[PDB]
């Protein structure tokens, strides 16, 4: 049985994260999204896995993977969903959307035994987004109607094609979903351990994962669940609160407080800062005194521009989404929902009250 993972989108809705990485390598704890997919396919025995990507997303993927077939897309644009065609298979195949996270693999294992065409569906609370599966009287696919303002049922297209899905399901469309899955993963996929190094006068409570070569210095105080990734350097006198995820080689410093945030590879928050309910991408540097607001005065849900459309995040508390290789000056101030583009620089003292462009030098 062949299998295909459909990347090749350009996750615009997941900017600024996707300015610098394909959505396939969105980190969930230590591992990129696509690795979970490959991993769970192999638990069904699949072995021959191909990823449909776009040049010049073309690898990248090659650098990152890893004994797997990388094949590009061509060449009009639409689908659905692609194209599709760039995949070469005779007989059957397993097609899986490359922006899915799913917990168990059991329904994929089950679906590949069948010789009829079959697809997986999943129940959700918000079927008015996603494509709803309408079934006939013998529970086969009548049609997939999409955006149906008037949703016939709660059963939607789970995006695995060759059955109702059981476990945890999430597509990573908008940036705050990066928080969603990472919270879930920290709750479900990993367990209290310490392969790193912790000094005296460090308080630790609840589920705390400390990976190898991670240093945690005196005065630090950790309230779980927390994930501290390999090579990270915490403290002295840091404070990590529940659902802090530091994916790899992160610097958290004196008088710095993190909460319910995903902070990606190599990013550093060295002094006098509070990061709440945020996603900070790779190789970011916060200047001393950089602060993120995560609550609006009226306590209404924080809104975010996603493809130029102003949209509720469904979160009462949401911070910022910082792109890769951003540097903030000292005493920077960032407002709720704000997106800051990859490679931006925020001039000292700035109050960031609007989205900031790729490469922008935002100085007042």
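Numbering follows the first chain given and starts at 1.
Missing deposited residues between residue 268 and residue 269: none, as the chain runs unbroken there. Averaged over Cα atoms, the B-factor as recorded in the entry is higher for 80-88 than for the other of 271-279 and 80-88. Relative to one another, 201-209 and 103-111 have unequal mean CA B-factors, and 103-111 is the one with the higher figure. Of the candidates 232, 192, 238, 154, it is 154 whose Cα B-factor is highest according to the PDB record. The PDB entry assigns the greatest CA B-factor among 187, 215, 257, 164 to 164.
Annotation for residue 318: C-alpha temperature factor in the lowest third relative to the rest of the modelled chain, per the entry. When the CA B factors of the chain's modelled residues are split into thirds, the value for residue 175 lands in the middle one. In this PDB entry, the Cα temperature factor of residue 358 sits in the middle third of its chain's modelled residues. Compared with the other modelled residues of the chain, the Cα B-factor recorded for residue 55 ranks in the highest third. Per-chain ranking of the deposited C-alpha B factor places residue 338 in the lowest third.
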